[PDB]
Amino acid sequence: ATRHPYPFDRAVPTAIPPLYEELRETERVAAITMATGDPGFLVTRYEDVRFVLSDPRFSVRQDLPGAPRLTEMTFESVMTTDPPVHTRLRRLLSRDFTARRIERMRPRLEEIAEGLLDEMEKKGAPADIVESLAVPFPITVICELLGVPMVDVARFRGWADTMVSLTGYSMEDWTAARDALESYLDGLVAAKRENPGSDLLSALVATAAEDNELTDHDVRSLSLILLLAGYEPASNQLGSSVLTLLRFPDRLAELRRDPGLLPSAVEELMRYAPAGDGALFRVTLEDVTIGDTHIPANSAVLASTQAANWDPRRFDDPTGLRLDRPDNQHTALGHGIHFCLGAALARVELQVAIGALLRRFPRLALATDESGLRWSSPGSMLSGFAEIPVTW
């Protein structure tokens, strides 16, 4: 079997990279060469993707000695570790992120989304869904939640867009963004201790004051990951989901005439449209066998949620769009102990923004032809479209 260059490319910007599907149909565990040159393995089938993401012999750590590297661009993510430390940090954050807790945020989220739609109507059609909605909505939600002041949202956006671009920026430019953001965050931690607010970063800081094993540096790392993860995938997801509905107008119509379909339609939209083309990264802590493939300890094993969510072994007519698809346990939010901390938040965000968008614009339509669309970051873990021009 050949060794394939990773990451993979899209042919047509609206469909996931075809090599994912080719491998999924032909090779249970594929051989790859990552962007650093190091060799890795790749699973694409639904059951294998779940397995790799959940099994305790697979580490999320990217700092294991002698282990192959996905990238050379790294940042310290205290939460991106294995247990028992991971479990402690999870226990630290997870109460604030249940469905019940997030549900309290729904009315505020409605206000934010309604305002952004108001702005859209004020500049008139056509509008770019990305800049008008997909970016400001989750970036505002996550900044308010964590306690970042509105006046620093633009700078944060710059740093964040830089850090999640695993390609297209040099070491120096990338590292500058990383250091700028961390430094900003140490400053914010400071300010939050100095003058507490009703936000989450305050509570974290207060907690750290009383716990000498929970450093300000830890809180900084947590806030960093919460900002990146809280803004980027959601931003990509909201736009691609909107685009997807516009590409399936009968489904769009169905959804506008029955808002009860909104929660399940959001799950399907995450299954159909990935927030990026990067496969999730693991490293083996011991020897593991998957089928005929014997994977030695300290090997890189990548798991494609994109391929898995289109796996016809698990989903009927996977290239189709079913708003109330039964048994829709897609992998877009991960699986196991690292399952997305912001699952409920992402769900509510998507439901609110899409529902509002649809209420406002009963004749919403793509202002362009699909052939005009472009895929923004082919070499990065996360990616959306350059623009999504709409009219109403």
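When you see a residue number, it is the position in the sequence shown, counting from 1.
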For the stretches 161-169 and 289-297, which has the higher mean C-alpha B-factor as given in the deposited record? 161-169
Per the PDB entry, mean CA B-factor is higher for 132-140 or 254-262, namely for 254-262
By the entry's C-alpha temperature factors, tell me which of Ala273, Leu280, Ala307, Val151 sits highest. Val151
Selection by C-alpha B-factor (highest) of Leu321, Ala180, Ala113, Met79: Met79
Please place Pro65 in the lowest, middle or highest third of its chain according to the CA B-factor in the PDB entry. highest
CA B-factor ranking of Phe51, expressed as a third of its chain: lowest
Using the temperature factors of the C-alpha atoms in this entry, rank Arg101 within its chain: lowest, middle or highest third. middle
Considering only modelled residues of the same chain, in which third does the CA B-factor of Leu109 rank: lowest, middle or highest? middle
Taking the entry's C-alpha B-factors for this chain, is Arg193 in the lowest, middle or highest third? highest
